[PDB]
Amino acid sequence: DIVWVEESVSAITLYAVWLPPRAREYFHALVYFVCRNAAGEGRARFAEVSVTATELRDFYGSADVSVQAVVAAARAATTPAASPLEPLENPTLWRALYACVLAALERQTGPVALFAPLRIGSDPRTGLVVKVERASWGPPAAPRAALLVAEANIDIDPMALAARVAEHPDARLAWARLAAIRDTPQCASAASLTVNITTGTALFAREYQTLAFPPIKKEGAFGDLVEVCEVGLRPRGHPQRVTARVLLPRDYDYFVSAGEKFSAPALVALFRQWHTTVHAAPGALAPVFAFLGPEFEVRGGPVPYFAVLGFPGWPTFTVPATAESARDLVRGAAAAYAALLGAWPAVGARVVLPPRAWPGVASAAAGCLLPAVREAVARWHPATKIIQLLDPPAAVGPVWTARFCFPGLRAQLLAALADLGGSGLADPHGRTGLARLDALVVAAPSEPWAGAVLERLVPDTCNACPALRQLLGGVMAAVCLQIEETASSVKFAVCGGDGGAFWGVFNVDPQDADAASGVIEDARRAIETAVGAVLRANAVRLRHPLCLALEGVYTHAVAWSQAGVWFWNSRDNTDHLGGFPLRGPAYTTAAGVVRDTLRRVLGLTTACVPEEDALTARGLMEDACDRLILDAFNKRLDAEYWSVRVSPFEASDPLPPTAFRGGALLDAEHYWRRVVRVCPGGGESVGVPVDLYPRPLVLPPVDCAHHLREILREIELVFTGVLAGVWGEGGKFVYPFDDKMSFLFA
Amino acid sequence: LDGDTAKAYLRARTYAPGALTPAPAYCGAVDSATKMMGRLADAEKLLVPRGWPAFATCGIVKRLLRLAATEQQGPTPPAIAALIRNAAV
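Residue numbers (the authors' numbering), protein chains in the order written: chain B, 5 to 750; chain C, 425 to 480, 497 to 529.
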């Protein structure tokens, strides 16, 4: 006799993480379900889980973490006024915590799925969800949203940022700010924070000079957005009746924040104020104040996100810029939330499998393969490329060339190998995380939102399990071997590539095009079929049937380095350049100059002795360099144009002591540091972090005698490759920048 | 250098057109090395917030020459306007 309802779960958040009595190595966690029934009406629900120590150490990847540490972190996060920003101590701890609580939620209660129909039960005697089951009836309500804008001037003292950056050098400045709030929470009490959440029913806007103080401008009310709900619960951990206050999000479902100037400290401060306001009255339990994002780690992260691990229980999606297709990225964020249960991108690679169950699956996948690939996996050394390719100083043409790619081969191969090791998993029900990856791979061609997930879930998974790289690159090595074997039969000739993407030539007469399409299509058919056959023979089965993409037909192709290739189809003048670093806005203009110079220099096929062509080519390359440096002068004062994106891994210029004064601008720095080298006074070249100063900027003249030298360096690399690849070798194209056209800037 | 680049190189590397044209009064920064040293630092205090690195009788001349050479970015007042204290500079 269990109650039964019909609802869709819109979010799953963490309320309490406690250690029951007579307990040493298992902690209970209460989960807040934001359920909404048909037509949008929302009733709040709760469930309980029980995570053991072993599961925690599995999702952490190490035994350093303990149940006591997790419970202490949760207790610290119980109060945001005393100490917010709890995850910043051990971000991996909270990452693993959310991973295991979601896994236990899936295991004990049953299958859960956001924004999807779900039959839900409850036990009144205790008062929590007991079992969740996938339903098959109902046109569920649309996942409504609310647009949030929040800006705060948290008066952080610059010297503290400088000191904390001195302790850890390559600390992304958002982490420096966030650590400053963490070490002095009173700073989050005084800030000119402004908030404007617009919904479809009623708007809400507030303005503060000091956060704790009453607003200096009101609009709507807190009650229009929130329906504060007091729910009684009797967990197995708590025998006494425990009451919980939750902020049911009426009208909306999730938040949509612009990622252009998103400040994680701003939302942290606003949510801390809301937490204090709602849980000020006692007689009820307090929730977990936990948030994660790329700003929460020293070295930062690629993809902007803002996790909501606890209070208020509403997912908030940062959609960076992309104004033209704002709805597209909002839908992509919503789909990423719904599919991977909202763990992505906060939990990390643990959405699929625990970081420590992978060493078993990889071993269990090295056994079900064929005997040859079994060794091929074991002999994989970084960048082996055991396949007949071209010497990197070389070029081809005029012959019918073609580029091919298998869309999402690493992700599809990882999915097949995960299934091969699936039998080796401890729990058959613990393979639901292995159902999200297949959902991603299946929906990858249909919708690009799965794409960006798979281009980051896979490389990060390969870092979670180092042993998976030698497996994936062995399977791909086997794929390349059969590509080469089948190539000879269809006149295709492997000339270069990087595995899933490969470009080659055809031994057809280089003048006929009517039959060219036929051979170019038969080669695709045969290569696709043969690779699929090898994969099937290797037992690895792909969910989405394999497909080869004809990414372009070209007549000339020139390669200089291992990644640098330029293709050009003379008939339609369609070209493609790869391997040129786009490390700024000037490198794009350099790439365009290169792709025009190469188009003009391979148009010199007029009958001539090879020696003549080398000189009439070098002259044109020097002229192209001239026209580039001439146009460089007309943009000498655009410092943002002469900017380079330094990674937190690369060696970086030292931060000026005045860049620590950007206010609500230091938060934007999550991954890249955009630096411009200016030349104050004389002789000395100093770096300016462009995005840490207010605009319009005032600077000494930009040292174009440094950036143009590097741009020219890579241009001469490409030009030396083409000069020594089409005609006779022996010529390193150098442009005398220091003499011919140095005067313009220095 | 032919075209708009000639006009660009001219203004960029020559005294402004209306800088050597007889004007009824003067407009600039005239002070002894000791006073101008302080005024240069004071100008940098209003110049540092937006990009100019801190320079913590040759240093003074080098800094003044660098300030004078810095060019106007669109309609925004030039960098030396902090010291000369006029928007028509």
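Even for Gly, the Cβ is constructed at its ideal location relative to N, Cα and C.
Exercise. Are three or more beta carbon pairs between the stretch 569 to 583 of chain B and the stretch 551 to 560 of chain B nearer than 8 Å?
Worked result: yes
For this session: Tell me whether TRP8(B) is buried or exposed, calling it buried when 16 or more other Cβ atoms sit within 10 Å of its Cβ.
Result: exposed
Problem set entry | Contact list for the stretch 691 to 722 of chain B against chain C, Cβ threshold 7 Å | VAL692, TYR697, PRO698, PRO700, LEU701, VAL702, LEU703, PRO704, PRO705
Exercise. When burial is assigned at 16 or more other CB atoms within 10 Å of the CB, is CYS612(B) buried or exposed?
Worked result: exposed
For this session: With hydrogens ignored, establish whether the beta-carbon of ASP642(B) is closer than 7 Å to any heavy atom of the ligand SAM.
Result: The ligand SAM is not part of the structure shown, which contains no ligands of any sort.
Problem set entry | Reduced DSSP category for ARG435(C) - H, G, I as helix; E, B as strand; rest coil | helix
Problem set entry | DSSP state of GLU688(B) mapped onto helix, strand, coil | coil
Problem set entry | Neighbouring residues, chain B, relative to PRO477(C) (Cβ below 7 Å) | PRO660, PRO684, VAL690
Exercise. In chain order, what residues of the same chain have a beta carbon less than 7 Å from the beta carbon of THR202(B), not counting five sequence neighbours either side?
Worked result: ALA150, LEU151
For this session: Answer with yes or no whether the minimum CB distance from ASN638(B) to chain C is below 8 Å.
Result: yes
Exercise. Counting only beta-carbon atoms, is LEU394(B) nearer than 8 Å to chain C?
Worked result: no
Exercise. Taking just the CA atoms, how far does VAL153(B) sit from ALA325(B)?
Worked result: 13 Å
Problem set entry | Neighbourhood of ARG435(B) by C-beta distance below 8 Å, restricted to the same chain and skipping five residues each side | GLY426, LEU429
Exercise. Is the CB-CB distance between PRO286(B) and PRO298(B) below 8 Å?
Worked result: no
Exercise. Using the C-alpha atoms, what's the distance from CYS484(B) back to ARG435(C)?
Worked result: 59 Å
Problem set entry | Three-state secondary structure assigned by DSSP to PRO411(B) | coil
Exercise. Using the C-alpha atoms, what's the distance from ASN638(B) back to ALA432(C)?
Worked result: 7 Å
Exercise. Across which residues does DSSP place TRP22(B) in a beta bridge pair?
Worked result: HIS32(B)
Exercise. Can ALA139(B) and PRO121(B) be called in contact, C-beta distance under 8 Å?
Worked result: yes
Problem set entry | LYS502(C): contacting residues in chain E (beta-carbon distance under 9 Å) | Absent from the structure is chain E; the protein chains it does hold are B and C.
Exercise. Does the beta carbon of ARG525(C) come closer than 8 Å to any beta carbon on chain B?
Worked result: no
Problem set entry | Residues near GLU688(B) in its chain [Cβ-Cβ closer than 8 Å; skip 5 each side] | none
Exercise. In angstroms, rounded to a whole number, what distance separates the CA positions of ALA156(B) and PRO446(C)?
Worked result: 51 Å
Exercise. Would you call the stretch 387 to 399 of chain B and the stretch 349 to 366 of chain B in contact, with 3 or more CB pairs under 8 Å?
Worked result: no
Exercise. By the criterion of Cβ-Cβ separation under 7 Å, what are the contact partners of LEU434(C) in chain B?
Worked result: Chain B residues near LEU434(C): none, gap ~12 Å exceeds 7 Å.
Problem set entry | Coarse secondary structure for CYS191(B), derived from DSSP in three states | helix
Exercise. Does any C-beta atom of chain C lie closer than 8 Å to the C-beta of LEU632(B)?
Worked result: no
Exercise. Can you tell me where the alpha helix (DSSP H) with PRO269(B) in it begins and where it stops?
Worked result: 268 to 282
Exercise. Are the beta-carbon atoms of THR465(B) and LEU424(B) separated by less than 8 Å?
Worked result: no
For this session: Please determine if the stretch 101 to 108 of chain B and the stretch 126 to 143 of chain B are in contact, where contact requires at least 3 C-beta pairs separated by less than 8 Å.
Result: no
For this session: Please check the pair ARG474(C) and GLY685(B), which I expect to be a contact at CB under 8 Å, by giving their CB distance rounded to whole angstroms.
Result: In fact, because the Cβ distance is near 18 Å, the residues do not count as touching under 8 Å.
For this session: For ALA519(C), return the contacting residues in chain B, with the cut-off set at a CB-CB distance below 9 Å.
Result: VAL702, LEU703, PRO704
For this session: May I ask you to report which of helix, strand or coil DSSP gives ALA519(B)?
Result: coil
Problem set entry | Cutoff 8 Å: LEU641(B) Cβ touching any chain C Cβ | yes
Exercise. Taking the beta strand (DSSP E) that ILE520(C) falls in, what are its first and last residues?
Worked result: No beta strand (DSSP E) holds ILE520(C); DSSP gives it neither H nor E.
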